[PDB]
Every structure is written in structure tokens, then in C-alpha cells.
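Protein chains in written order, with PDB author numbering: chain A, 176 to 352; chain B, 176 to 352; chain M, 1 to 213; chain L, 1 to 213; chain H, 1 to 52, 52A, 53 to 82, 82A to 82C, 83 to 130, 133 to 154, 156 to 157, 162 to 169, 171 to 180, 183 to 196, 198 to 200, 202 to 206, 208 to 223, 226 to 228; chain I, 1 to 52, 52A, 53 to 82, 82A to 82C, 83 to 130, 133 to 154, 156 to 157, 162 to 169, 171 to 180, 183 to 196, 198 to 200, 202 to 206, 208 to 223, 226 to 228.
This is how it looks when you write it as C-alpha cells:
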């Protein structure tokens, strides 16, 4: 509802690399085959609006296509996008520091299947007991998978659900932005 | 109709300064009171489209409000704007190197008056004979005036016309982008 | 997009009084704003552009300011001329959008209406129709009640009313009431009366005539 | 915005033949494109998403590719099933827009129509109306001419025609012609005839009956 | 199983307003945005907008901003689209569908909205029996004529859907604010009139259900 | 002098198309973009789009993209807006105006477009004379009644415009596809009826020009 402080902000694109940053955020999209989000470092999740004046490539954008929620200071930018993933309103935003990228969580695998569960709250790869969940899946996402990294463990994007639908103690995000 | 080479391009905004640049273009807008175009250096006028991926602040833009024509590799950016001036389709683009800024041409003055002529082709401050034109005006522009600088002399924006409507040998732009 | 919400929707103020109307944009429009004045049935006139710059010929009593999303048009020493609707429009982004508008009333003296009554014309009677017309001219405030009485009994159906806009000079109002009957229904009765109940008095201002006279 | 222009607007091809339909966007949509199939009167089915990814249950004979502003849906070994309209839609920017569409004909064997004629029902005759119905079933190509003859003379007014879409199995067509008369006009004459002129033959396929029989 | 349920048809007088519904079933409702699409003959498809099941936040096609109003009830898993001040240009089929990954993988059956001043009229159903005497070949064609109804749609079956082969139902045609639809069915002569063949016509707008048995002449 | 000229009114049947014109005068035509604005009671102002007089390049409000088509003839300094498939929702006043510097400083008089199936009808003009006998005070009020016309507008003057003071022309009112308008004029009794007072009514739609002299009863 409010706008972020534009005194500590810096957005720059040069050659094949684009970066929307400030003191807490470092949002990097790269041109490889296509322009897409490569890595987002969120030192501490904000709750403001990223100013359009410091936004690259923000023409005709549907907010539901933006990986990082605009309400969480996500830039209204086509750089803030990734094929196969809608907006991550239910990511682990209440874990403090969070780092999004596109790679596999250690010991885990992600498979494409229409059988897989529909997108839900972001689930951590380790249970409350600390047991690792190895088999994951998705219906219509792309690989490598959307991965969160917080101080409490490694998470997957909303689209990605545990393949063994039968997990007992799941650690899932409780926030909805 | 075609898009510019995005290999030699760099766009960056930090603090109060925003720059859309490549090897030939250097387009600088600054925040003072408001965000507006401060200076554009065009080493050689291009005829392509500035890629949105490297465009800052390009949301909901009417092209006729953009100082540097999009057909001349002008960024579809609200940074590419200046109060009191519409698109400069008839600027001295056929003079090779051209530098836009906002200041007065030496020996000249610009006055606001409804009496002044409507906007036309960009007129140089010196005639074909080399005689200087001192008195200029505009209907609804803002000050300091839009100023071009080429190897052949100093020019004013389309909105700005010679106050003495009675000048004999005018050097005016013949291009219409 | 950019949506222009204008306030107040309507406003009434006396001559010489200072008025201020506000215009709010859903997004920052960076002083790319114009104020227009329009009074039906003419085309809108440019009052202000660039938020604070007056157009040519606009009196010194007009001013305008604001920045960001907040803007204001202020009229000092309000004149009877300055009646009509006022609109704000941004020139920042696309599409261009306008404010909802603000109708300006010139608040003035209370005025009793001048009532005139008119029997059907011989031409209309020849056509087989019969309209009785009642003119309520130069009154204030605008709200007024017109009651038609045929032979003493109120007639409600077939009545067509039409107000004028506020007068440019005396700031008053005028309304026309037309009771349309058939020729037979008109000849069925004798006494025709129009009564005007207004704020100025609880006593109805009455005009009447008789058919066979 | 982004406008999707699809080509060809219509296309006719035999079973087993390879077809390719193209979709062009006014701006680069970055492989955010989906192909749908719809045949009236059902809802559209997702064929492709992400330009090159087939949806679940889509046969191997379907493929799709392209990048930038140019995309293509290719059907290898065309089947009678694959008749119907094909649409392309982008998921890149807002608003979402669709292609104009491409109707796919299954080009097939030429087929003579099976003609049946039907006199008015006793119920309709009781109502005072009289419709004579002619069914032209299972023919190809789609274009066909129906001529109504009353007592040998052609009747043109009061005729209502209706084609079906191409059949999902034999790829043929069927059309219904209804000649609506009043009961009196129907009883005014005797012989009623429907003639079907089709590509397959210059000789009209004729069905007829007599009223008092 | 994932399914979207919406009324088959709605009749609304010009200048009035109507509210279309879309009841979702078989998936976590908040997970997928709810999009509305307009389909009109000649105009093709038109994306109207979407609603966010999480916060109830709408995003409109700028063209439909004053026409449509998107709302949502997450509790009942139902989306709503209110069309106001309707004209003849708003007469179309309105689909609701979900974006399950930059793709409309699940659609509704679509709601046929008719904008007309014409009055609802029950259909007259007439049995179409072959001409007197014999019938060509070993196959006989029967017919069913639905006449003088409004508005769309009607549903016509043969023997309650038991008879589906050899059936041709023809699209209705409008004339003087009244629709006319017809259907044919071709069976073997050994089955008719030996076994009964009845056409079943339903016109929900007038709450009409008529069964007409095809009797020989 | 800068002026924009456009027809006062246009009547067009629903579903049809009409092309509005805008002839510019008094300035270098190519210097200023040509914008079109829609004004409808209740909906307020709506920017439809603009056309570039230099290259003929249009920019549309996304809402009016399928409704309006903007074209331009630079040679004749005239802009055109084609409205197609018109409904009752398209019945409004259409202005053309120029942006002479992030401001609409010059407007046209606006074209009143009426979309209706109703037929053009010439008005009946009736003189309204005071009741028999005397008249209250030293001032007399006369009237003029224009009845049963379609469509808008009509123009009513008194004594060919020579009598403008004390004149009240009332906005027309529609009933059963026919308009009714009235006007009053208050003059001194020393001038009426001593000097003739005639109301002049013009209805261009039906090519009607009627002068009605107010005679004493």
C-alpha cells in the first residue's frame, strides 16, 4: 500500500545481466536463451512498493506473473518472472532472510506429472522432526526448480509439491501475500 | 521498425540520477523537484527501437510525450520526458552528432507568449548567412528551453519559435521522424 | 490506469466567497494536470494547465496548485459567471482520464417564482391535442413544486417538467411544466390551475383560467 | 497491446495429410503461448502450453514450436477427430488476447446427400400452421442447393435452412430445410417437392409427396 | 476431479444487469486465479479479466472495466461476474476458466447470455413421420420439429438419449423473435415402427418438458 | 483564428456505423495531435484516442479499440472517427480537440450522436399567447411550444435572434420516441403586442424551418 525508500536503491542492466537492488534486496535476472529471474537475495522481507522510476521493463504486466510479490517490494518487472511459475504469495516470507534461485535442494528431485498436487503453500524439504523429503513433483512448472533458502532449511516453490502426497509433519509457509 | 543491438547497451539508475546508454547514446534524466530529462548525447542518430528489457520506468506511456522519438532509438521511458515539450519528431537529426539539454543558446532569449507561433521544425539560432537570431518565444513550454547542439550550430526545440516571426533565411530541420 | 477522483461532487457558494475544489489521482501524475470549465450547452474551456499555469484570458481570481496526486483549483471572490461544471484531467500517462466533475452553484438570494399560465393553442386543438403550459421563471433555490388542478382536483399524469440551468447573471432558475391532455379531456372540464409551492412561502403562487372564457 | 493474428483463417485437408497453422504476435511474447482446440458446442481444450509443451492426453501426432513473435502448431497424420476451430493465446502481457482462430475441415470423399421429405404434422395443422421439412443428410462438400417446388412452381419465401458442423466420424455434412406456410396456403396446393442440387451430380436429388394422399 | 459449474443460460432485458456465477470443485480454490472469457460469433474470444481467490483482488481488461465487475467468495469456492447496463452487443457465451500454469487447462461449460426485449415463449413440438406408404430402402428417417420458442437453448434427445446414432440435431434459427430447431434420426426399418421412438424436448426458460412419440401416418 | 468544425448531430440506427468528421482551421495542421473525447451524461468524459497528423498514426484508449477507428486527411486538414456496430450505450456527444501543450486548449462544438430505431419526425410548433383579458403588471410573457419531433436537436430563437433578453429555452424531454421542448420570453407590455414577436424553430434532421408569430387571443 506504501512505496519503498528510493534513497537506498539502485537498478542497473548492462550487457546480459539485470539487477534491481537496495540495501536488503538483490534481484538478478539474466539473459540466457531468454530473459528470466536467476536469483533473488532478500536480506529481510519488505512490505512496500518498488518504485516504477527504478523499475526495468515494466510494460503491460499482470501481477500474478511476478515471482516476487509486489506487496513484498517485488519489482513490477518482466525480469521478475520465470517460466512455469506464478506469483509466490505463499513463499517462506516469515523466515526472515530468504534466497530464491533455480536449482535442486540437496537430496531432492523434482518430476513433471499431471498427477502431482496443485500448487500450495511453500513446503520445506525437511520435516519438523528433521527428516528429509526426497521425492517432489509439479504439474506445469519448468526445470531447474524454484528453490528458497532460509536459515531453517531449504524450500521449494508453490508449484512444487511432495510426490509422496503422504507426508505427515510438513513445514509449510503460513503467510499469504 | 527494428530493435537496437542490446549487446552494447547499459541502463542504470542510482540515487537521483538515471542513465539509458549505449556506445552512441547517453540519455540522462535527474531528480530535481521532479524526474525529468536533463541531457541527451547522441553521438550518431540511430534508427531502431530501444529494447524494453533495458528501459526504466516504461509503464503506460504515450509516445507523443517522449522527447527523443522512439523511432530514433528513444527509450519508451518517463525519464525520456520534459514538462512543456512534446515529441521532437522534427529535431536536427540529420546533422550527425546532436546534444539535447535545457539551457539558453548564447545571445538568445526565450519568452512565454500565446502570440508566439505554433511549434514547427527545429530552427537554428544562426541563419544561412551566419547572422544570429536573438529573440525567441514559445506558447506553452517550460524554462530553461530545450536546446540542441550540433557541429553546425545551436538549435531550439520545436515548441520554440523566433519571436520576430519575420526572419528571412532560416536554417530548419528537414527530417520528420 | 490513472483514475481521477474529484471533490466535492457538487458545491454551492455565494458571490465573493472563496471556494476550493480538489482533484486526486490514483497515481502520481507529476504536475501534468489541466483544469477545464464547462457549462451546458457549450464546449469546455481550458482554465489551467501544468497544474499551476493559468490559460489565456483567465481572471486573476483564479489560482491552482498541488503536486504528486493532490491538486487544487481555488476561486477567490466567486462571481456569478463562474457557475457550471469544473473538470480535472491528467496528461501524464495513457489513457487520458478525467475527474468526475464538480458542479458549482452560485448561492444567492431566495426568490419567489414568476408564474404564467397558457391555454392550448388553436392549432394543437385542431390537431386533437391540448397542452396547458405553466412557466415558473427566475426563482431560487432550484427545488420547487408544481401542482396542476383541473376543476379544483389535482391532476398528476401527463405532466412534463423541465428545469433550466442556473442563470449566468441573476443566478436564478426557471422551470416549465406541460400538462398534455386530449382535446376531449380538455373540453370535459373548465377551470385550469397551476400552483407553485416554493421555499420562499408556504402559500402557493397560483395562476388559473377558464376554458369557455 | 499484444494482438494475435492467426493464419490461415480456414483450411481443408485430407486424412493423413500434414497441416501447419501459424500464429503471429504484434510483439514478442517470449514463448508464453498456448494452443486450444474447440468444436461447437463444447468448451475449448488445452492442446499446447509454453509454445512447445503438449498438454496431457494429446496424441503424438501433435507438435508445436516457434519463438519471438512467430509460432506454429503442426498436426501430422491428420485425423477426422482433429476437425474444429484452433485458437492461439498469449500469456505474456496484459490483457490476454486470442488469435482470430482457424477452422479445420477434414477434406474427404465427395458424397451424395440422403434426402427425406416430411409433410406437416396434424398438431401443427391443428394450430393453423404448416411446415414441410426436408432433410439432406451425410453429404460432402458442404455447399448444397435446396429448391422447394409447390405444384411444380418454385417457392422461395418462408424457407429456413440450417447446416450442421462437419461430422466427427465420416466427415460429412447435414442440412435441414423448413418451408413454413399457413394452413390455408398449404391446402391451396397438392404436390410438394424438395430438390437437392449438389456437386456430385447436375441431376437434382428429388423427394416429393401429395397432400390429399 | 476438477470441474467448473456455471448456469447454461441467462435472459436479461436491455439496460438491466445480471450476475454470472462459477462454482469451482476438486482443487484448492486459492491456488489458481479465476479468469473470465467472452465468446461472441464474429468477435472471437475476449479475455475479460481475473480475480485472485486469496485476497479478492481483480485485474481487468481495460475494455471491460465499466462493463464487468469481478467478485469472489472463497468460502464457497465461487466466482462472480456482474455485467451491468447490457446491450445487444453483450449477447454472448461467457466462460470461466483457471490458469493452472500460463495455460487455461480447465474451463467451464460457458453461460449463454441473451439480451433481448422479446418475451420467453414455450416451444411447440411436432412429430415428423414419413410420407404415407412405404419408405425407401431398409432404413427409415424420422424427424422432430421444435417451433416458436425463446430464448435459447433447448435440449433434444431421442428415447432419453438411448438413441444417439444416426441423429442430426440442427442449430436453431431466429425469426421474428422466435427460434426454430429441427432434428432427424435414421434407424433400421426393422426397429420402427416396431419399437417406439420418442423425441424429448426441454426448454428450461419456460420450464417445458415435452415428449413426442413418432407415430406412423 | 483557430477553430475546429464538426457536424451538430448524427442519427444512426443500432448495429450500423457512422463516420464523424473534424475540419481544422487556422493553424499548421501537422503541428498538433488530434484527440477525440466522448461525453455522455452519467459517464462523464472519456478520452477515445488521438491521431498523428504527420504520419497518420493512431493511439487508442484500449476501451475504444474495436469501437472507434481514427483516420486523418492532412491535405484537407480533416480528422475522422468511425464508430461501428453502434448501440444505445454509444449515444453521446463526441468532441474533437487539440493538445497544444499538454492541454486541450482548442475544442470543437461536439457532435451529438443519437442511436435509435425511432424515425425522424418533423416538429409541430404552437404559439403560446397569454390568457384572454389583461396581463399582470407592465410585463407580458409569451411562449413557444415545440412538440413531437425526433431526433435532437432543434434551435429556437425569438425575432430571428433580435430578442434574446428575458428568454428561457427549456431542455427537450423525450417521451414515446418523441421530444418536447418549450420556451418563454418576457417583454414590456408597451412592446407586445404593439411590435411583432415570432419564435423561429429549426429542425435540421427533417429540414424544417418554422416561424410562428405570437398573436393575441
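The beta-carbon is built from N, C-alpha and C at its ideal position, and this holds for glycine as well.
Cα-Cα, which of the options is closest to residue i?
i, options, result
"residue 254/B", "188/B, 341/B, 326/B, 329/B", "188/B"
"residue 20/L", "196/L, 63/L, 169/L", "63/L"
"residue 262/A", "322/A, 190/A, 221/A, 333/A", "333/A"
"residue 38/M", "60/I, 103/I, 33/I", "103/I"
"residue 121/H", "17/H, 206/H, 80/H", "206/H"
"residue 202/A", "235/A, 223/A, 252/A, 238/A", "252/A"
"residue 60/H", "174/L, 54/L, 2/L, 197/L", "2/L"
"residue 228/I", "164/I, 32/I, 138/I, 125/I", "125/I"
"residue 223/I", "18/I, 213/I, 156/I", "156/I"
"residue 214/H", "30/H, 12/H, 1/H", "12/H"
"residue 46/I", "52/I, 37/I, 53/I", "37/I"
"residue 296/B", "327/B, 319/B, 335/B, 324/B", "335/B"
"residue 343/A", "230/A, 247/A, 299/A", "299/A"
"residue 94/I", "194/I, 48/I, 142/I", "48/I"
"residue 190/B", "192/A, 259/A, 180/A", "180/A"
"residue 330/A", "315/A, 352/A, 277/A", "277/A"
"residue 100/M", "107/M, 157/M, 30/M, 4/M", "4/M"
"residue 293/A", "304/A, 213/A, 285/A, 315/A", "315/A"
"residue 268/A", "237/A, 222/A, 226/A", "222/A"
"residue 167/I", "53/I, 209/I, 82A/I", "209/I"
Report, in whole angstroms, the separation of the C-beta atoms of residue i and residue j, which I expect to be a contact under 8 Å.
i, j, result
"residue 125/M", "residue 183/M", "6 Å"
"residue 115/M", "residue 91/M", "That pair is no contact at about 49 Å."
"residue 273/B", "residue 301/B", "Contact doesn't hold; Cβ gap of about 16 Å is too wide."
"residue 22/L", "residue 71/L", "7 Å"
"residue 39/I", "residue 111/I", "So it is not a contact: roughly 15 Å between Cβ atoms."
"residue 25/L", "residue 53/L", "So it is not a contact: roughly 18 Å between Cβ atoms."
"residue 234/H", "residue 22/H", "Residue numbering for chain H in the displayed model covers 1 to 228; residue 234/H lies beyond these limits and cannot be assessed."
"residue 152/I", "residue 119/I", "6 Å"
"residue 195/L", "residue 142/L", "Contact flag wrong, Cβ pair sits at about 18 Å."
"residue 137/M", "residue 177/M", "In fact, because the Cβ distance is near 12 Å, the residues do not count as touching under 8 Å."
"residue 237/B", "residue 190/I", "Incorrect: roughly 48 Å between the Cβ atoms, too far for contact."
Buried or exposed, going by whether 16 or more other CB atoms sit within 10 Å of the CB of residue i?
i, result
"residue 240/B", "buried"
"residue 84/L", "buried"
"residue 183/A", "exposed"
"residue 339/B", "exposed"
"residue 4/I", "buried"
"residue 180/H", "exposed"
"residue 234/A", "buried"
"residue 310/B", "exposed"
"residue 212/L", "exposed"
"residue 198/A", "exposed"
Worksheet entry | chain A contacts made by the segment 226 to 258 of chain B, where a contact means CB separation under 9 Å | The segment 226 to 258 of chain B vs chain A, Cβ under 9 Å: 226, 227, 228, 229, 230, 231, 232, 233, 234, 235, 236, 251, 253, 254.
Practice prompt. Scan the segment 252 to 312 of chain A and note each continuous alpha helix (DSSP H) run of 4 residues or more that stays entirely inside, going in chain order.
Written response: Within the segment 252 to 312 of chain A, no complete alpha helix (DSSP H) run reaches 4 residues.
Worksheet entry | Selection of the segment 291 to 319 of chain B by Cβ proximity to chain I, strictly under 9 Å | Answer in chain order: 292, 293, 294, 295, 313, 314, 315, 316.
Worksheet item: Looking at chain I, which residues of the segment 142 to 153 of chain M have a Cβ within less than 8 Å of any of its Cβ atoms?
Response: Those would be none; no residue qualifies.
Fill in: Every unbroken beta strand (DSSP E) inside the segment 102 to 154 of chain M [3 residues or more]
Complete beta strand (DSSP E) runs here, min 3: 102 to 107, 114 to 118, 129 to 139, 144 to 150.
Item to complete: Could you run through the segment 74 to 87 of chain M and flag, in chain order, every residue whose CB is less than 9 Å away from some CB of chain B?
Response: Those residues of the segment 74 to 87 of chain M that come within reach of chain B (Cβ to Cβ, closer than 9 Å) do not exist; the list is empty.
Discussion item. What ranges does the alpha helix (DSSP H) occupy inside the segment 53 to 101 of chain M, keeping only unbroken runs of at least 4 residues that lie completely in it?
Written reply: For the segment 53 to 101 of chain M, not a single whole alpha helix (DSSP H) run of length 4 or above is found.
Worksheet entry | Selection of the segment 191 to 202 of chain B by Cβ proximity to chain A, strictly under 7 Å | The segment 191 to 202 of chain B vs chain A, Cβ under 7 Å: nothing.
Practice prompt. Identify every run of the alpha helix (DSSP H) within the segment 5 to 62 of chain L, keeping only runs that are complete inside it and at least 4 residues long; order them along the chain.
Written response: Whole alpha helix (DSSP H) segments, 4+ residues: zero.
Fill in: Short-range partners of chain H found in the segment 3 to 30 of chain I, where Cβ spacing is below 9 Å
Interface annotation for the segment 3 to 30 of chain I against chain H: 14, 15, criterion Cβ-Cβ distance under 9 Å.
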